[PDB]
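Engineer:
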Amino acid sequence: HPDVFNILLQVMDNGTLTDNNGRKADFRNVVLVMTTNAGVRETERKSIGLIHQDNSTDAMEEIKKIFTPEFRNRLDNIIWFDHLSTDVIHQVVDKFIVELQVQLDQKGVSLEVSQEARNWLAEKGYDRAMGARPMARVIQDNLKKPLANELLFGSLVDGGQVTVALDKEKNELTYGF
Amino acid sequence: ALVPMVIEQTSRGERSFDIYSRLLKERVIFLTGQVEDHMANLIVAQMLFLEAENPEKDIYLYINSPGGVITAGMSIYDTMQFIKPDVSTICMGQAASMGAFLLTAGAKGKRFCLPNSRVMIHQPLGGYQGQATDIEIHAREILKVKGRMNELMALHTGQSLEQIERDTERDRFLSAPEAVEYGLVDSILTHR
Amino acid sequence: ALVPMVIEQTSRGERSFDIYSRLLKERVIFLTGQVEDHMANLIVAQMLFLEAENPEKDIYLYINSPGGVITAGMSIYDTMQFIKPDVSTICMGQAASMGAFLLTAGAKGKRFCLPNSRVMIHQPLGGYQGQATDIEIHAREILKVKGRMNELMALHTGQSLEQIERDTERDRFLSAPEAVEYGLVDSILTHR
Amino acid sequence: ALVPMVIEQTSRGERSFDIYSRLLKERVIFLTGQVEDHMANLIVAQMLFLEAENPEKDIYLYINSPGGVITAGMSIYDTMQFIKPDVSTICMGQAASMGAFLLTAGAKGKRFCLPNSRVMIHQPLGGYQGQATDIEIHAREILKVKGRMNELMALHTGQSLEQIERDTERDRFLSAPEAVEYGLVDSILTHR
Amino acid sequence: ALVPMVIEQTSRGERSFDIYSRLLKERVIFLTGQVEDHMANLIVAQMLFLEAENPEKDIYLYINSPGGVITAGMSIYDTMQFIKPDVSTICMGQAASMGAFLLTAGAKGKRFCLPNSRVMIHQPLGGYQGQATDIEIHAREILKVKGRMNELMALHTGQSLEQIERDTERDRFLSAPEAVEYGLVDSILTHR
Amino acid sequence: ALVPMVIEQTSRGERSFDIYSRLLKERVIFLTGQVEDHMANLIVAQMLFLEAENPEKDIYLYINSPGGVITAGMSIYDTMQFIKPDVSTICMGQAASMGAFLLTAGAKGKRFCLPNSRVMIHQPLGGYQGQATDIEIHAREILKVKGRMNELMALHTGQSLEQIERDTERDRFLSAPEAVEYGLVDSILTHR
Amino acid sequence: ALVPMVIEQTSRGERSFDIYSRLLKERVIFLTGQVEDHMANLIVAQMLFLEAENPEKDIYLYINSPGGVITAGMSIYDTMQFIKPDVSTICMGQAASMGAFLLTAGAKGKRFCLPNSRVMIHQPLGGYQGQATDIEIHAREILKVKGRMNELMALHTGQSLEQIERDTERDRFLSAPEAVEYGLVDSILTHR
Amino acid sequence: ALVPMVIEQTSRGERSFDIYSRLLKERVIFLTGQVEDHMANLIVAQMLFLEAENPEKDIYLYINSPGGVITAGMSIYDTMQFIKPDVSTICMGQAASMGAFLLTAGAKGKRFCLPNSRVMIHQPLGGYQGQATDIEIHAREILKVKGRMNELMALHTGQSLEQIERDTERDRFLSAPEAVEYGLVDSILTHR
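Residue numbers (the authors' numbering), protein chains in the order written: chain B, 570 to 746; chain K, 15 to 206; chain J, 15 to 206; chain I, 15 to 206; chain H, 15 to 206; chain G, 15 to 206; chain M, 15 to 206; chain L, 15 to 206.
Structure below.
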């Protein structure tokens with residue numbers, strides 16, 4: 570609600586907040602972070618007409634008129650985030666794969682993944698509208714399920730190693746021992 | 015009232031548009047009745063909005079028109095040729111040389127006409143009253159307009175300019191198969 | 015105002031449409047009065063919306079029309095034949111060769127008419143004024159249109175083309191039982 | 015504006031309809047003025063909606079009409095005879111052979127008329143201009159329509175067909191008691 | 015727009031009706047202008063709604079009318095006599111034999127007229143063109159209607175039938191005191 | 015649309031009325047244009063609502079009228095004289111014997127007129143066509159109406175009845191100072 | 015519809031007015047088209063509302079008018095002179111002796127006109143048909159009105175009364191610089 | 015209804031404007047049809063609102079007009095020249111000397127015209143009936159207006175005043191390339 574911003578005013582300006590017992594909270598060693606997507610839809614489309622306008626001064630800059638200027642006046646900075654590039658997507662897929670390898674080594678099942686399999690996973694779950702959020706579901710559905718079958722049914726127990734590669738002929742993955 | 019309202023659910027399940035706005039939301043534009051300045055301006059506004067909304071998705075223009083002013087039609091035609099997405103024209107009912115011009119002006123390979131539609135083409139009409147000099151001026155202007163229309167039709171249909179010039183001397187009525195063979199449309203919509 | 019509003023409850027219990035929109039929500043389309051370009055365009059838009067909403071559920075077209083323009087009627091007919099769901103035509107009141115054409119144009123086995131309805135069929139009307147060459151052109155066109163309409167009626171009713179040609183030379187008035195026996199409709203709605 | 019708005023409370027206490035919609039919500043339909051295609055279509059839509067809403071509860075049709083087109087009236091009549099719930103017709107003001115036909119067409123035992131109403135019955139009117147053959151065709155059609163109307167009235171009122179034929183040769187004016195005795199209505203509404 | 019909106023607070027303090035609906039909420043019905051079918055139907059609907067809302071509280075009918083159709087007026091009169099609550103008629107401006115009939119038709123003891131109102135009474139008007147037999151029929155009907163109106167007025171005002179018959183032969187203009195003495199109204203509203 | 019909307023804040027800060035309703039909320043009623051039955055009925059409804067809302071606060075009637083029907087004006091006049099709060103009439107623009115009558119009919123001491131307003135007074139107009147007896151009846155009635163209007167004006171302005179009778183024989187044009195001196199209005203509004 | 019809607023944010027960010035209401039919110043009033051009773055009444059209501067809203071902030075009256083009735087214009091003029099805040103008149107397009115009168119009637123030093131505006135002044139028009147006595151009365155009245163208008167213009171523009179009388183004998187067309195030099199307006203708006 | 019509604023999401027995802035308001039929100043103003051006082055006033059209001067909203071962003075004026083009153087056009091022109099942001103005029107369809115004047119009146123370098131548009135320029139029309147002195151006055155005025163228009167066009171297009179004077183003696187029709195070469199527009203919009 571816009572009225573919690575009124576508390577946030579004094580929280581950010583004086584670093585102190587009082588509860589109903591009169592005790593004051595000290596915010597001087599507390600980091601205040603607020604996440605949002607305010608100006609996203611305001612700039613996600615081009616102009617209507619024969620001549621395209623700039624439509625760039627609204628770069629989520631119009632987050633004003635939504636945040637009561639006495640509130641924006643006490644923010645340290647409004648840090649805009651950009652959409653992940655394809656390289657960033659690749660790096661995120663690698664991050665998820667390292668996380669999966671750690672979770673698998675926790676059970677003693679070392680995982681080996683081909684770079685082409687990594688790139689297929691990246692191009693598969695690549696999205697700019699949702700960023701790296703659908704990547705987790707893509708990687709889960711593509712890797713965790715058959716591995717979970719192997720680990721739970723008993724065919725793959727402590728000490729196994731798993732490889733995966735792209736089936737370029739039918740756009741699928743490889744699975745083995 | 016005279017126009018119905020519809021209900022569709024995306025997030026809250028509360029969306030009531032007139033059926034024309036609901037179809038416009040699906041990138042379907044209706045060109046019906048006579049072609050004049052205000053109707054053509056509305057069609058141009060709809061096409062501009064649809065192009066700005068999604069420049070990659072096609073626009074479907076349903077044509078049922080007994081003709082109209084050449085000028086307003088040329089405005090719709092220029093807006094069709096200018097915007098990025100392919101505009102596909104479907105001729106239901108009739109198209110009398112201006113509905114017909116805009117029908118042949120659709121994106122190549124995407125100009126359809128229903129099996130019982132009727133298409134007519136003819137040279138433009140006009141006139142003027144006044145002194146001989148103004149008569150000559152307006153006659154030269156209408157001749158230039160006729161020549162430009164013949165050039166554009168010969169470009170869009172593939173027929174030679176002389177063939178179009180000989181065919182549009184009088185009213186030429188073309189059914190759906192004759193329109194397909196002539197080059198005005200690309201195919202006939204029959205069933206799903 | 016002149017049109018009533020209705021109330022129906024699905025989730026919140028707050029839905030006020032004009033009664034025509036409420037009936038359209040139940041896949042019921044009304045074709046009343048003269049048939050012209052804008053009315054036919056509205057009917058076509060309604061049928062397209064209903065087809066896109068649920069391609070498997072029938073559409074009910076209630077026909078009460080003294081006729082109208084052949085072109086606009088052919089647009090409605092082509093849209094009826096094109097869409098996927100079966101459109102069932104119910105003739106209440108009258109159907110004068112265009113309401114009648116669209117009535118016989120319904121899905122086979124689903125064309126009903128009320129017991130006191132009146133159906134008339136006749137050759138199309140028209141005319142033209144001008145030079146002899148344009149007169150000949152427009153006469154050939156109207157003859158082709160009459161032939162096409164006779165072919166379509168002989169297809170939809172099952173009667174031979176010569177029988178339709180001999181019957182539609184003048185106004186042929188058919189009551190509900192005579193229309194059922196003739197082949198225009200399939201049965202008569204009597205009671206629930 | 016010209017039509018008033020009303021307030022009624024069921025759940026939230028916030029319901030504003032035009033008074034005609036409020037009365038329609040109570041299964042009360044008004045048939046006023048001349049009978050034509052669009053008015054009859056609106057009445058038919060209202061009756062269909064009321065029947066689909068609650069097929070067991072009666073529908074009250076308040077008739078004040080100087081007559082109208084026979085065709086549109088026959089549409090209303092067929093819709094009255096088709097639907098499941100009993101439709102009770104109350105004649106306030108007048109009923110001139112079409113309001114009167116629809117008044118006698120109500121559910122038996124539920125056709126009322128106010129004590130100062132006026133009821134008139136007469137043979138249908140019409141005409142045609144053209145060739146002798148078309149004149150003969152249209153005359154035979156109007157004679158068949160007159161015969162059908164006489165049959166339906168003799169059925170609904172209980173009088174013999176010859177009696178109706180002799181009575182409707184000219185305008186027959188019937189007050190409320192004469193209409194009750196004649197068989198058009200069943201009783202007279204006097205007080206609560 | 016042309017009609018104003020008002021604000022009244024009961025529970026939430028948010029109620030915006032046109033001033034006519036606000037006055038109808040206080041059981042005040044306006045009868046202004048000529049009396050015809052649709053206006054009388056609206057008045058009847060308002061009176062029915064007010065009676066169903068609270069059968070014990072009076073209804074106030076403000077009459078300012080130059081007359082109108084006898085039939086529509088008789089519909090309003092029958093609805094006034096039928097419903098349970100007493101309807102009190104206040105004549106502001108004028109009442110020309112139909113506004114006047116409905117004014118004298120109010121609940122006894124509750125028919126008021128403002129001090130500068132004007133009341134006129136006269137025999138009904140009419141006419142017909144056609145054959146001599148139809149002329150005779152319509153003349154007998156209009157004579158019966160005149161007799162019925164004279165009977166009803168002699169009943170509601172207390173004057174003898176012969177006195178009403180002699181007085182309404184021509185236009186009889188009555189001011190507020192003459193209308194009170196005559197028996198049309200019961201008293202004159204002067205101040206709060 | 016053509017009429018503007020305004021915003022005012024009391025509790026929630028959300029109030030959008032047409033500017034006429036906003037001014038009515040401040041007890042300001044506009045009487046503009048010709049005076050007829052429906053306009054006078056609307057003015058009477060507004061005055062009744064304002065009186066019922068607060069019987070102690072004045073009502074301001076802004077008059078700009080070229081005259082109108084005597085009857086409708088007498089209705090407004092009777093409603094002005096009947097209600098409890100003082101109604102103050104301000105003449106802006108013109109007042110032609112009916113706007114002028116209602117202007118002089120305001121509460122004594124509260125009838126103002128702007129410095130450049132124009133006031134005209136004259137005997138009432140009328141007429142009738144028919145038999146000599148009806149001509150005599152209607153002439154006596156219009157003479158009685160003229161006499162009543164002269165009496166009311168001589169009462170409201172303070173002038174003798176003979177002076178009013180001699181002055182209103184023809185159109186008498188009075189500016190703001192002449193109207194003040196004559197007795198029609200009490201003073202002239204000049205500045206805040 | 016024909017008029018656009020706008021969006022502005024103060025507290026909730028939800029405010030949709032017609033563009034005319036949005037500009038009125040900024041104390042901008044449009045006087046366009048012919049000057050008659052209802053348009054002048056609307057302008058007067060707008061000016062009264064703006065004065066009551068903030069008596070210290072100016073009101074901007076944009077004038078584009080081919081003239082109109084002298085009476086309605088005098089009502090607007092009196093309301094302009096009466097209210098407290100200064101009203102500044104901007105002449106865009108034209109001002110034909112009534113738009114022109116109201117333009118010169120603005121607050122001194124705040125009467126602007128665009129560089130391509132056209133201003134015309136002339137003696138008032140009128141007429142009357144009837145007896146010689148009424149002709150004389152109406153002629154004296156129109157002469158008095160002309161004299162009053164000349165006096166007011168000579169007051170507002172600074173020119174001598176004889177100069178205005180000699181200039182307004184016929185149509186006097188003044189461009190923006192000639193209007194500034196003449197004294198009708200104070201300066202010309204050129205750029206921001 | 016006749017105009018469609020659109021949906022766009024910024025914060026709550028609930029914004030329904032008529033398509034014209036949606037395009038106005040993108041700083042797109044449509045000038046279509048004849049140019050008269052009310053249409054020009056609406057265009058001026060739109061331009062003022064857009065300038066006050068963001069004085070740095072351009073305004074796009076889509077011109078499709080057969081001409082109109084010189085005065086109203088000069089109002090639009092003065093408002094275009096006065097405001098701060100650059101107004102870019104796009105000629106779709108036609109521009110007949112007033113659409114054409116306003117088209118050449120756009121910001122230099124930003125006046126575009128579609129490839130199939132038609133531009134016409136001519137001396138202004140007018141007339142007057144009356145005495146010889148008034149005829150002379152109005153003729154001098156229309157000659158001054160013609161001279162002013164020629165000066166403004168020679169300024170905006172770069173052509174010499176004598177060249178414009180010789181060219182606008184009669185109707186001069188210019189296509190898109192001829193208009194570009196002449197100096198009316200700066201370039202032709204072809205594709206995205």
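Cβ atoms here follow ideal geometry from the backbone N, Cα and C, with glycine treated the same way.
#1: Hey, quick one: how far does the alpha helix (DSSP H) through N642 of chain B stretch, first residue to last?
#2: Tell whether a beta-carbon distance below 8 Å holds between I43 of chain H and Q60 of chain H.
#3: Quick one: what does DSSP say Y142 of chain K is sitting in, helix, strand or coil?
#4: Chain I beta carbons: is any one of them nearer than 8 Å to that of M61 of chain H?
#5: Excluding sequence positions up to five away, which residues of its chain have a Cβ less than 6 Å from the Cβ of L577 of chain B?
#6: Would you mind listing the beta strand (DSSP E) stretches within the region 83-141 of chain H that are 3+ residues and don't spill past its ends, in chain order?
#7: Measuring straight from C-alpha to C-alpha, what distance separates residue 7 of chain I and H52 of chain J?
#8: Label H170 of chain K either buried or exposed according to how many other C-beta atoms from any shown protein chain fall within 10 Å of its C-beta, with 16 as the threshold for buried.
#9: Determine the closest residue to residue 211 of chain K out of K:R184, K:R132, K:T147, K:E40, with distance taken between C-alpha atoms.
#10: Helix, strand or coil for residue 834 of chain B, going by three-state DSSP, please let me know.
#11: For the alpha helix (DSSP H) containing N78 of chain G, list its first residue and its last residue.
#12: Would you mind stating whether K158 of chain J and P138 of chain J have Cβ atoms separated by less than 8 Å?
#13: Looking at the C-beta of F115 of chain I, does it have a partner C-beta in chain H at a distance below 8 Å?
#14: Taking 8 Å as the threshold (C-beta atoms), are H152 of chain G and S111 of chain G in contact?
#15: Can you tell me where the alpha helix (DSSP H) with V58 of chain H in it begins and where it stops?
#16: Could you tell me which chain B residues have their CB closer than 7 Å to the CB of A119 of chain K, listed as they occur along the chain?
#17: Mind listing which residues of the region 154-169 of chain J have their C-beta closer than 9 Å to chain I's C-betas, in chain order?
#18: Helix, strand or coil: how does DSSP classify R186 of chain G here?
#19: Quick one: Cα of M106 of chain K to Cα of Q95 of chain J, how far?
#20: Taking the alpha-carbon positions, what's the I33 of chain H to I21 of chain I distance?
#21: Over the uninterrupted alpha helix (DSSP H) stretch that includes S30 of chain I, give me the two end residues.
#22: Take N68 of chain H as the anchor and find which of H:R180, H:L175, H:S79, H:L38 has the nearest alpha-carbon.
#23: Have a look at L:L56, L:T147, L:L64, L:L166 and flag the residue whose alpha-carbon is nearest the alpha-carbon of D100 of chain L.
#24: Can you list the residues of chain M that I33 of chain G reaches, using a CB-CB cut of under 7 Å?
#25: Can you give me the C-alpha to C-alpha distance between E150 of chain H and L75 of chain J, rounded to a whole angstrom?
#26: For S102 of chain I, I'd like the list of residues in its chain whose CB is within less than 8 Å of its CB, leaving aside the five on either flank, ordered along the chain.
#27: Since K714 of chain B is in the alpha helix (DSSP H), which residue starts that stretch and which ends it?
#28: What would DSSP say about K160 of chain H, mapped onto helix, strand or coil?
#29: What is the DSSP secondary structure of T46 of chain M, reduced to helix, strand or coil?
#30: Counting only Cβ pairs nearer than 9 Å, list the residues of chain D close to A146 of chain L.
#31: Any Cβ of chain G within less than 8 Å of the Cβ of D92 of chain H?
Structural biologist: Inspection of the coordinates gives the following:
#1: Residue 642 of chain B sits at position 73 when you count from the first residue of the first sequence. For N642 of chain B, no alpha helix (DSSP H) run applies, since DSSP gives it neither H nor E.
#2: Taking the fifth sequence and counting its residues from 1, the one referred to as residue 43 of chain H is at position 29. Taking the fifth sequence and counting its residues from 1, the one referred to as residue 60 of chain H is at position 46. The Cβ-Cβ distance between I43 of chain H and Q60 of chain H falls below 8 Å.
#3: The sequence position of residue 142 of chain K within the second sequence is 128, counting from 1. Coil.
#4: Translated into positions along the fifth sequence, residue 61 of chain H becomes position 47. So no, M61 of chain H is outside the interface.
#5: Counting from 1 along the first sequence, the entry for residue 577 of chain B is found at position 8. The answer is none, since no qualifying residue turns up.
#6: The region 83-141 of chain H contains these whole beta strand (DSSP E) runs: 101-110, 132-135.
#7: One cannot answer for residue 7 of chain I here, as it falls past the ends of chain I, which runs 15 to 206.
#8: Here residue 170 of chain K refers to the residue found at position 156 when the second sequence is read from its first residue. With 16 or more other Cβ atoms within 10 Å, it is buried.
#9: Within the shown structure, residues of chain K are numbered from 15 to 206, placing residue 211 of chain K beyond reach of any answer.
#10: Residue numbering for chain B in the displayed model covers 570 to 746; residue 834 of chain B lies beyond these limits and cannot be assessed.
#11: Numbered from its first residue, the sixth sequence carries residue 78 of chain G at position 64. No alpha helix (DSSP H) holds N78 of chain G; the beta strand (DSSP E) holding it covers 73-79.
#12: Position 144 of the third sequence, counting from 1, holds the residue named residue 158 of chain J. Position 124 of the third sequence, counting from 1, holds the residue named residue 138 of chain J. No, the Cβ-Cβ distance between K158 of chain J and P138 of chain J is not below 8 Å.
#13: Residue mapping note: residue 115 of chain I aligns to position 101 of the fourth sequence, counting from 1. For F115 of chain I, not one C-beta of chain H is nearer than 8 Å to its own C-beta.
#14: Along the sixth sequence, read from residue 1 onward, the residue named residue 111 of chain G stands at position 97. Along the sixth sequence, read from residue 1 onward, the residue named residue 152 of chain G stands at position 138. Their beta carbons are not under 8 Å apart, which means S111 of chain G does not touch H152 of chain G by this criterion.
#15: As a first step, residue 58 of chain H is located in the fifth sequence; it is residue number 44 there, counting from the start. 51-67 is the extent of the alpha helix (DSSP H) around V58 of chain H.
#16: Counting from one through the second sequence, the residue named residue 119 of chain K turns up at place 105. Residues of chain B whose Cβ lies closer than 7 Å to the Cβ of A119 of chain K do not exist; the shortest such Cβ separation is about 17 Å.
#17: Taking 9 Å as the Cβ-Cβ cut-off against chain I, none of the residues of the region 154-169 of chain J qualify.
#18: By one-based count along the sixth sequence, residue 186 of chain G stands at place 172. In the structure shown, the three-state DSSP call for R186 of chain G is strand.
#19: As a position in the second sequence, residue 106 of chain K is number 92, starting the count at 1. As a position in the third sequence, residue 95 of chain J is number 81, starting the count at 1. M106 of chain K and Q95 of chain J: Cα-Cα distance of roughly 12 Å.
#20: Sequence index remark: in the fifth sequence, residue 33 of chain H carries index 19 (1-based). Sequence index remark: in the fourth sequence, residue 21 of chain I carries index 7 (1-based). Looking at the two C-alpha atoms, the distance is approximately 14 Å.
#21: Working through the fourth sequence from its first residue, we reach residue 30 of chain I at position 16. Residue range 30-32 is occupied by the beta strand (DSSP E) that includes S30 of chain I, with no alpha helix (DSSP H) assigned at that position.
#22: Here the question's residue 68 of chain H lines up with position 54 in the fifth sequence. Measuring C-alpha to C-alpha distances from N68 of chain H to each of H:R180, H:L175, H:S79, H:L38 identifies H:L38 as the nearest.
#23: Sequence index remark: in the eighth sequence, residue 100 of chain L carries index 86 (1-based). Considering only alpha carbons, the answer is L:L64.
#24: If you number the sixth sequence from 1, residue 33 of chain G lands on position 19. What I33 of chain G touches in chain M: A59, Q60, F63.
#25: Here residue 150 of chain H is taken as the residue at index 136 of the fifth sequence, counted from 1. Here residue 75 of chain J is taken as the residue at index 61 of the third sequence, counted from 1. Their Cα atoms are separated by approximately 47 Å.
#26: By one-based count along the fourth sequence, residue 102 of chain I stands at place 88. Once the five neighbours on either side are set aside, the close Cβ partners of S102 of chain I are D72, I73, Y74, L75, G120, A121, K124, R125, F126.
#27: The residue you call residue 714 of chain B lines up with position 145 of the first sequence. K714 of chain B -> alpha helix (DSSP H) spans 714-722.
#28: Position 146 of the fifth sequence, counted from the first residue, corresponds to residue 160 of chain H. DSSP places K160 of chain H in helix when its eight states are reduced to three.
#29: For the purposes of this step, residue 46 of chain M is identified with residue 32 of the seventh sequence, where counting begins at 1. Three-state result, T46 of chain M: strand.
#30: Absent from the structure: chain D. Protein chains present are B, K, J, I, H, G, M and L.
#31: By one-based count along the fifth sequence, residue 92 of chain H stands at place 78. Chain G places no beta carbon closer than 8 Å to that of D92 of chain H, leaving this residue out of the contacts.
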